[PDB]
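**Student:**
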Amino acid sequence: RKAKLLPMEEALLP
Amino acid sequence: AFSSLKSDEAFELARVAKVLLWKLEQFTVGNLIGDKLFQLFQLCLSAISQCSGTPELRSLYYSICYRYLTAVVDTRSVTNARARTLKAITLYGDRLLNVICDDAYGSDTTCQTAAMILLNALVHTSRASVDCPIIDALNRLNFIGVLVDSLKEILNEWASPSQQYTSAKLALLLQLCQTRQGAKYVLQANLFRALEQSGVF
Amino acid sequence: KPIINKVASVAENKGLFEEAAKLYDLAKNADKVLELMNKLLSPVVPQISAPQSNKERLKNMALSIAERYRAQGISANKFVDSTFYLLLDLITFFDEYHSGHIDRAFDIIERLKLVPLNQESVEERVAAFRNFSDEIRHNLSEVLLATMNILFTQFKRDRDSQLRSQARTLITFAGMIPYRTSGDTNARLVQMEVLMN
Amino acid sequence: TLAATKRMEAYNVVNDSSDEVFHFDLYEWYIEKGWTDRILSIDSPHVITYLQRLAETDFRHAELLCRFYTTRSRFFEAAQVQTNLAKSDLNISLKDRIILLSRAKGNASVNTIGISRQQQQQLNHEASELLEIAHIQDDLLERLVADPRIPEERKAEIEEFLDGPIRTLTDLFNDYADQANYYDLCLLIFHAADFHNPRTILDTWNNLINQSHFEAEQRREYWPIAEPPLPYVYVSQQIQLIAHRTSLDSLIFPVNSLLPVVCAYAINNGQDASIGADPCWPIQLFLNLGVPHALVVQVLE
Amino acid sequence: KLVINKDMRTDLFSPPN
Amino acid sequence: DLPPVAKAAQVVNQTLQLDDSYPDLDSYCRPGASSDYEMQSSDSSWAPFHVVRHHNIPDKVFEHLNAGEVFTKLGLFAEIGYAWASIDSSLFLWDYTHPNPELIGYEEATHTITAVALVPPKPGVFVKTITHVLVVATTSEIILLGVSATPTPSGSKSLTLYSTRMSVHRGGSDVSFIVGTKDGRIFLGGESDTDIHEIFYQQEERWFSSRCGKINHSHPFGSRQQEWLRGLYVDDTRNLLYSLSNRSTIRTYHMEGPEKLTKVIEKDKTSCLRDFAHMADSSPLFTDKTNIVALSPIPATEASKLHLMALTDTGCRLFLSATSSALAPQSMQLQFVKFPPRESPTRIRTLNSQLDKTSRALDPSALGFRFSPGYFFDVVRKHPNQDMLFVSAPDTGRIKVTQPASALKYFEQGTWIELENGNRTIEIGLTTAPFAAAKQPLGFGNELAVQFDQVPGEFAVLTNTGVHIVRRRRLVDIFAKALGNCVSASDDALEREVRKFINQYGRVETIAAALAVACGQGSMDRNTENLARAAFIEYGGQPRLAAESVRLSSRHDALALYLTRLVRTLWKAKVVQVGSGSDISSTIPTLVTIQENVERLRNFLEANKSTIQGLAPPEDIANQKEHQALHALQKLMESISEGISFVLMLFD
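Chains as they are written, first to last, in our numbering: chain H, 27 to 40; chain Z, 763 to 963; chain W, 479 to 675; chain U, 396 to 696; chain X, 20 to 36; chain G, 3 to 654.
Written as structure tokens, this is what we have:
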């Protein structure tokens, strides 16, 4: 299963 | 000496005490009687907590404890007896009630009837002693849950042995609805939808 | 301090535990707060924590009492206190179990050292059960089954020997422990171990 | 899948057949391949006869029959075998029989569909009794073997007799426990035997306290790898060990008499503020052990 | 069932035969 | 004069100072050489390390590995308990602690993957839930991914990947080595040349710059020679970066500024050999034909002078110092050599002072790793098919017992570990927290002081069949298992086994170990604990007067030593932390364990009040002051228990 890559928006602040 | 050893000699000796309790200077005699009736009450709850003997012998013990908690206990002398009486019931705890709850809605016809009526005396005498530990234990043992579930199809069940059994069933539920704490546990059982599937109305 | 206990005392005598806790907690009487909080939690330990349920509304107040009792270094006697933080861990064990996070839930139960998983620990774990609060022994039935069902699921996914060994351990523990619904539970536990083999 | 179909088609021919001599040879071959979980899933009644006939002379096959029942949730039937196996004449170590009875006690603690409440407790009580005895026998053997007072020739003669089936408390008490002056294990036997005698129970408690005080005072005099505990501490340990293990029976743990004895020992042997001890350590001991406050004050009165 | 009999035992501190 | 708990607190303070005076690395690795080993069979109770479990590579990647066309690679993320495998342009992570692991794949890569690493993120760039950055180098691009290794909930860290939209062209220089610093700096190197590249990355989009950049810190002119890298190595405590080339040239770079990197030393093999020649002892094991196959930096907290260890393919460990002319270093010098041991691994046990400088037991060494405070792993490839693992640790016991300072040598305990044949070792990584007994070189390497504070070091050994877990064994672990061999055995067999420990660790250390094992520390367990107790009694010695003044028994010293080590983390620590009304210095769960440990000790003393000499009441002055000192120690314990019980109540 290809790993779900959550978005940049959550990753980097602010 | 034969409280839990064998289930054959107690039967002959258990029924004789049953009828004797119903067929019942004066102060001295009244003390000896009440004294043994209290001691005789202990060995009954002790056997029920261990589930000893066959359902037939286990049924006789319910009748003995029934009249004892209904006639003897029911005025400083009354308070002392009622207080000490509840102590014996609390000694066993859920272990004792669990056995009685399993007897209900069982295979035998007379054991389930006596067991159901017995619970009525326990909750009744407990309130006289705004809450109660007996009613709380029944909820933890999932007794109130399965009890409300059996309300469905009551028309099929309802002198006859099945009729008298249902009388004690509905009679018990009526007692729990008198205390303030019972409405909480009883209402959460969704009894309104249980009495509708039966179509009794 | 007295009247807050007086008012808390009656409301306690009227089965209003959720209030008696807030009131006793107002007077910083942790002996009673945690006592009552033990009673309100044990029934809801294995239940499903769902929005606005009675579990969330009680768990969330218990945690708000765990922080304020640690940040302020407050505690009742170890009996009442040990049980209180133990239930909070179990509530986490079932909240993870009901969510399908099997790996995460297995790790929690392992820390608690409540259920033995290696045959060597059976003797000591069995002795501990004797003096643990009945609010814990009550929920032993659901704990064994969840833990078993946890190993049960992980089996269908050497490791096989390890799960098999742990499966056995749970059974022997349950066999030596007299507890709630030991009949139905001990039977189901044995069946789930047979399907593994 | 059609691959999975040809699988089910194949194992239906096998599991449904009426040739049970074939089933036996098939179950014998499943084990040799380590397909344990396969035997358990089979719902045929030819597997029950195979496992039952093999459990009678093979401990590790009676193991599966017990696993067979417990995955199906026939908990009583498993404890029924585990108990009947611990009482057997088979070559099984004592520490395994402790596991068997400990599993049997658990499997017979919970309800199982179909079996009574009385027969459930009838088996739990029997298994629990034996487990209590077997634990004594084990803890006894463990101490006898490590006892310098015993000759190495006798120790082998003991170990063969004890390390196996579970003996009577009479045998455990006389030829072993009482001779060695194992006072703590003598009390456990009284409890496990429902031994009714207030004096000898109390006389044994007195000897157990004194022998404990001596072992701790000799240690403190020697200090011996780490700083040993003061006498009353070791005495306190030897009571807690009984208290949890006895489950606080009134016969072998009579606060009516034992608490005065401990309080007397705390005076006659000077276990008090002189050595830095809490002067109320006899009270602190019994209260924390679970003795009711209302009774302790009734005794001090 | 327990029966104490201090009378005839086996010397725990002497070898056999 | 002084009250009881005050006298005891003095002993504790002195004891603390004793442990923190454990020799530093510079003082037992002084200029010169050593071949001091005590070898131990792998199965011995004295083995310094042993294998604890193995985790097989999951079958679903074995399928992908054979589906490979051109390139495959394996690697380790031991600090979070994950392994990885790359197959061409695809990447797969998995938790090796898990029994039926899920595959976390990343197949967006277009070109063959050549290196991957797990690095700390740059501060103030990502949301706080991102614990690491995953750097993936292909033949075309260097790709950055966000990573959250949060601990849901039972074994290993649940792992999720996040895209970042950060990628740089790979350029002309291959990338095979990626290393990261504490502050998230990312350095690159490979097998095309000796150049070191760094990746910058930013939060903002700017018109003149980019979110993600790559620069070359080396700049060569024309006139080149063929030379490439073998490994990159970071030392954050000195802001240094080391590279090792195929010609065995060691280059040192200094991170003088937050984005600057500067070459400050270049030392080729010739310089190492000239240094080695001027040493009193030359050797055939180190010549111009010899290769340096690995480096291992030594942090500033472990040693001031010795910066670096280099491993030759003949099994020699070279310890290099570096000094400033005045800060970055400007000079590097080979000072000390630890030559290989002589014993080779055997199936059957074999019958066991000059410098041994010719051993070939470690020839050839293919891979090598050093971890603080000196744990050494050497992958010896004697045969083309199976590796032998040589593992050694400093003989901490003998090192701290040795007197005077001039007698100090690099004593070691070693063993051979055979992981069953046919599998090649790939990588070895630390799974537990980095070791450190102190915050300065003095006291740093004292394993004995921390055997109840720290988890023993665990190490993941990655082969092509699985991950093997190797655990450091402490004094108490060795003492317990040795006693386990004395249960059935004789009476004067214990005395024999105990004397071995005394002749090595010293009487006080030995008895302190017995005490610890008697209290349930250690790896039938009851027989062992009773045996330990017996040793604590029979071998604890006695108080005597010197030449008023009394010398207490080793039994007393042992007790003070054990108690001190249980409370060493918090003794001098502030109870609370204040920013405006807040925190507790020592965590809540650790105070509970410290308390439980102390209460266990106290319990053991009471439970043996009678038989411990000096506990019960009492030539005389000796035994009396012995009795007084032991009483003082016991009052400190209950005070320690009360004190902790009080702080737990505060934050409750």
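Where a beta carbon is used, it is the ideal one built from N, C-alpha and C, also for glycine.
1) Do you know offhand how far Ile569(W)'s Cα is from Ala540(W)'s?
2) Consult DSSP for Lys216(G) and reduce its assignment to one of helix, strand or coil.
3) Who are the neighbours of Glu574(W) on chain G, taking C-beta pairs under 9 angstroms?
4) Does DSSP put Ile543(W) in a helix, in a strand, or in coil?
5) Could you pull out every residue in the same chain whose Cβ sits closer than 8 angstroms to the Cβ of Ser647(G), ignoring the five residues on either side in sequence?
6) Residues in the same chain with beta-carbon distance under 8 angstroms from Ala407(G), minus the five sequence neighbours each way, listed in chain order, please.
7) Among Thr417(G), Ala560(G), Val181(G) and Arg213(G), which residue has its Cα nearest to the Cα of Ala631(G)?
8) Given this structure, state the Cα-to-Cα distance separating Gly370(G) from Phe633(W), to the nearest angstrom.
9) Judging by CA-CA distance, which residue of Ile481(W), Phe495(W) and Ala486(W) is the nearest neighbour of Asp893(Z)?
10) How many Å lie between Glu415(U) and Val442(U) at the Cα?
11) How would you list, in chain order, the residues of chain Z whose beta-carbon sits under 9 angstroms from the beta-carbon of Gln513(U)?
12) Ignore the nearest five residues each way along the sequence and tell me which others in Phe557(W)'s own chain have a CB closer than 8 angstroms to its CB.
13) Checking 9 angstroms against the spacing of the C-beta atoms, do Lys517(W) and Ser527(W) come in under that value?
14) When burial is assigned at 16 or more other CB atoms within 10 Å of the CB, is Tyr406(U) buried or exposed?
15) Figure out for me which residue from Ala575(G), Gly107(G) and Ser169(G) has the closest Cα to the Cα of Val137(G).
16) Note down, in chain order, every chain W residue with its Cβ under 8 angstroms from the Cβ of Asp893(Z).
17) Which runs of the alpha helix (DSSP H) fall wholly inside the stretch 5-80 of chain G and span at least 4 residues, in chain order?
18) Would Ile300(G) and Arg372(G) qualify as a contact pair, given that the criterion is a beta-carbon distance under 9 angstroms?
19) Is the stretch 277-287 of chain G close to the stretch 215-227 of chain G, with three or more CB pairs under 8 angstroms?
20) Taking Cβ-Cβ distances below 7 angstroms as the criterion, which residues of the stretch 620-654 of chain W are in contact with chain U?
21) Under 8 angstroms by Cβ, that's how I've got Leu322(G) and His309(G) pegged, so tell me the actual separation to the nearest angstrom.
22) Taking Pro443(G) as the reference, give the member of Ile294(G), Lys307(G), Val14(G) and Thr613(G) with the closest Cα.
23) If you draw a straight line from the C-alpha of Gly399(G) to the C-alpha of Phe378(G), how long is it?
24) Since residue 1(G) sits in a beta bridge, which residues does DSSP pair it with?
25) Does any residue of chain G have a CB that is nearer than 9 angstroms to the CB of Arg614(U)?
26) Just to confirm before moving on: does the CB-CB distance between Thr196(G) and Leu147(G) stay below 9 angstroms?
27) Apart from the five residues on each side of it in sequence, which residues of its chain come closer than 6 angstroms, Cβ to Cβ, to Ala956(Z)?
28) Tell me the residue span of the beta strand (DSSP E) that contains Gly191(G).
29) Assign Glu497(G) to buried or exposed, taking buried as 16 or more other Cβ atoms, counted over all protein chains shown, within 10 Å of its Cβ.
30) If you drop the 5 nearest sequence neighbours on each side, which residues of the same chain put their C-beta closer than 7 angstroms to that of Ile580(W)?
31) Which residues in chain X have a C-beta closer than 8 angstroms to the C-beta of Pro546(U)? List them in chain order.
32) Reducing DSSP to helix, strand and coil, say where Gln228(G) ends up.
33) For the beta strand (DSSP E) that contains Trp86(G), what are its first and last residues?
34) Go ahead and pull the three-state DSSP assignment for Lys340(G).
35) Using a beta-carbon distance cut-off of less than 8 angstroms, what residues from the stretch 554-573 of chain U approach chain X?
36) Residues of chain A with CB under 7 angstroms from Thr166(G), in chain order?
**Tutor:** Once the coordinates are examined:
1) For the purposes of this step, residue 569(W) is identified with residue 91 of the third sequence, where counting begins at 1. For the purposes of this step, residue 540(W) is identified with residue 62 of the third sequence, where counting begins at 1. Rounded to whole angstroms, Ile569(W) to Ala540(W) spans 11 angstroms at the Cα level.
2) Translated into the one-based positions of the sixth sequence, residue 216(G) becomes position 214. Of the three classes helix, strand and coil, the one that applies to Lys216(G) here is strand, per DSSP.
3) Position 96 of the third sequence, counting from 1, holds the residue named residue 574(W). Identification of chain G residues near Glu574(W) by a Cβ-Cβ cut-off of 9 angstroms yields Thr154, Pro155 and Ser156, ordered along the chain.
4) Against the third sequence, residue 543(W) aligns to sequence position 65. Helix at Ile543(W).
5) In the sixth sequence, counting from the first residue as 1, residue 647(G) sits at position 645. Excluding five sequence positions before and after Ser647(G), the CB atoms of its chain that fall closer than 8 angstroms to its own CB belong to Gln597, given in chain order.
6) Taking the sixth sequence and counting its residues from 1, the one referred to as residue 407(G) is at position 405. Cβ neighbours of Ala407(G) beyond the five flanking positions: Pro25 and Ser29.
7) Translated into the one-based positions of the sixth sequence, residue 631(G) becomes position 629. Ranking the options by Cα distance to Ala631(G), first place goes to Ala560(G).
8) Within the sixth sequence, numbered from 1, the residue matching residue 370(G) stands at position 368. Within the third sequence, numbered from 1, the residue matching residue 633(W) stands at position 155. So the two alpha carbons sit approximately 38 angstroms from each other.
9) Reading the second sequence from its first residue, position 131 is the one you call residue 893(Z). For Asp893(Z), the nearest C-alpha among the options comes from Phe495(W).
10) Residue numbering aside, residue 415(U) sits at position 20 when the fourth sequence is read from its first letter. Residue numbering aside, residue 442(U) sits at position 47 when the fourth sequence is read from its first letter. Approximately 9 angstroms, taken between the alpha carbons.
11) Numbered from its first residue, the fourth sequence carries residue 513(U) at position 118. Chain-ordered, the chain Z residues with CB closer than 9 angstroms to the CB of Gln513(U) read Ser769, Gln812, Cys813, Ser814, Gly815, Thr816, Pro817 and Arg820.
12) For the purposes of this step, residue 557(W) is taken as the residue at position 79 of the third sequence. Here the set comprises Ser611.
13) Position 39 of the third sequence holds residue 517(W). Position 49 of the third sequence holds residue 527(W). Cβ distance not < 9 angstroms, so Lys517(W) and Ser527(W) don't count as in contact.
14) Here residue 406(U) refers to the residue found at position 11 when the fourth sequence is read from its first residue. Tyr406(U) is classed as exposed because its beta carbon has fewer than 16 other beta carbons within 10 Å across all chains shown.
15) For the purposes of this step, residue 137(G) is taken as the residue at position 135 of the sixth sequence. Taking only the C-alpha atoms, the option nearest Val137(G) is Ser169(G).
16) Within the second sequence, numbered from 1, the residue matching residue 893(Z) stands at position 131. Per Cβ cutoff of 8 angstroms: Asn491, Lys492 and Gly493.
17) Segments of the alpha helix (DSSP H) lying fully in the stretch 5-80 of chain G: 6-21, 27-30 and 61-68.
18) The residue you call residue 300(G) lines up with position 298 of the sixth sequence. The residue you call residue 372(G) lines up with position 370 of the sixth sequence. The beta carbons of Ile300(G) and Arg372(G) sit closer together than 9 angstroms.
19) Output reads no: the stretch 215-227 of chain G does not touch the stretch 277-287 of chain G.
20) Within the stretch 620-654 of chain W, contact with chain U at the beta-carbon level (separation under 7 angstroms) is assigned to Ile649, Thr650, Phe651, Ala652, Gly653 and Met654.
21) Indexing the sixth sequence from 1 puts residue 322(G) at position 320. Indexing the sixth sequence from 1 puts residue 309(G) at position 307. Confirmed, about 6 angstroms.
22) Counted from its first residue, the sixth sequence places residue 443(G) at position 441. The shortest Cα separation from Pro443(G) among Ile294(G), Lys307(G), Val14(G) and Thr613(G) belongs to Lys307(G).
23) Numbered from 1 along the sixth sequence, position 397 holds the residue referred to as residue 399(G). Numbered from 1 along the sixth sequence, position 376 holds the residue referred to as residue 378(G). Spanning the two alpha carbons is a distance of roughly 17 angstroms.
24) No answer is possible for residue 1(G): it lies beyond the span of chain G, which begins at 3 and ends at 654.
25) For this step, residue 614(U) is matched to residue 219 along the fourth sequence. Interface residue, yes.
26) Looking up residue 196(G) in the sixth sequence gives position 194. Looking up residue 147(G) in the sixth sequence gives position 145. In this structure, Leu147(G) does not lie closer than 9 angstroms to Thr196(G) by Cβ.
27) The residue labelled residue 956(Z) in the question sits at position 194 within the second sequence. Short of 6 angstroms from the beta carbon of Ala956(Z), and not among the five residues preceding or following it, lie these beta carbons of its own chain, in chain order: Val910, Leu913 and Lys914.
28) Along the sixth sequence, one-based indexing puts residue 191(G) at 189. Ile188 to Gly191 is the span of the beta strand (DSSP E), which, as asked, contains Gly191(G).
29) Indexing the sixth sequence from 1 puts residue 497(G) at position 495. It is exposed - the Cβ of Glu497(G) has fewer than 16 other Cβ atoms within 10 Å.
30) Walking along the third sequence from the start, residue 580(W) turns up at place 102. The beta carbon of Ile580(W) lies closer than 7 angstroms to those of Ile628, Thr631 and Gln632 in the same chain, with the five residues before and after it left out.
31) Counted from its first residue, the fourth sequence places residue 546(U) at position 151. Within chain X, the residues near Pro546(U) are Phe32, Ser33 and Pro34.
32) Within the sixth sequence, numbered from 1, the residue matching residue 228(G) stands at position 226. Of the three classes helix, strand and coil, the one that applies to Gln228(G) here is coil, per DSSP.
33) Residue 86(G) sits at position 84 when you count from the first residue of the sixth sequence. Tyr84 to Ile89 is the extent of the beta strand (DSSP E) around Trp86(G).
34) Position 338 of the sixth sequence, counted from the first residue, corresponds to residue 340(G). Residue state for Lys340(G) is assigned as strand, using DSSP reduced to three classes.
35) Those residues of the stretch 554-573 of chain U that come within reach of chain X (Cβ to Cβ, closer than 8 angstroms) are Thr563, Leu564, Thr565, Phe568, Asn569, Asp570, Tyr571 and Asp573.
36) Of the protein chains in this structure, namely H, Z, W, U, X and G, none is chain A.
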